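In: An experimental structure, sequence included, is below.
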Amino acid sequence: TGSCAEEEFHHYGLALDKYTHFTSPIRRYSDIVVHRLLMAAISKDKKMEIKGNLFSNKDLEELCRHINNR
RNA sequence: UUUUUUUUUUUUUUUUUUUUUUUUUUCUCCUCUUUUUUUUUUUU
């Protein structure tokens, strides 16, 4: 995300401007990330706090390079 | 009518000890050929 600029967020091959998967938490790894985050989102718009941290910049970038490799 | 004598199975038992798997060689060595390397996408 905000590690880069907006222009580098698009999904040109599909004419979208943002595209990921969320339909497979089981056979992949970015999707469990998306699960934790989506549930943090549905859980955060109540004005409370989600104890237990989630990620950081460097952690996410090393994870995404690992996933590219794999 | 044929008496008397010529030994036998070595003696001994009431001695201390503080180590340790194995063990010891063999040299440098020409990997052949459409490629940059493909890559989104969805159904597990």
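Out: Great, that's in hand. Numbering: from 1, shown residues only, chains lettered A, B, ... in the order given.
In: how far is the helix or strand harbouring residue A:33 from where the chain is centred?
Out: Per DSSP states H and E, residue A:33 falls inside helix A:30-44. Distance, stretch centre to chain centre, for helix A:30-44: 8 Å (C-alpha atoms, centre = their mean, to the nearest Å).
In: Mind listing what's buried along that helix?
Out: The neighbour-count check on helix A:30-44 (16 or more other C-beta atoms under 10 Å) flags A:30-31, A:33-34 as buried. The C-beta positions use only the backbone N, C-alpha and C, and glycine is treated the same way.
In: How about the residues of chain A by RNA strand B?
Out: A:11, A:13-14, A:21, A:23-24, A:26-27 (C-beta under 7 Å from any atom of the strand).
In: of those, buried ones?
Out: In the residues of chain A next to RNA strand B, nothing passes as buried (16+ other C-beta under 10 Å).
In: Output these as CSV; include the columns secondary structure.
Out: Output for those, formatted as CSV (DSSP: H, G, I helix; E, B strand; the rest coil):
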residue, secondary structure
A:11, strand
A:13, helix
A:14, helix
A:21, coil
A:23, coil
A:24, coil
A:26, coil
A:27, coil
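In: who's sitting farthest from the centroid in chain A?
Out: Distance from the C-alpha centroid of chain A, by C-alpha atoms, centre = their mean, peaks at residue A:47 (22.0 Å).
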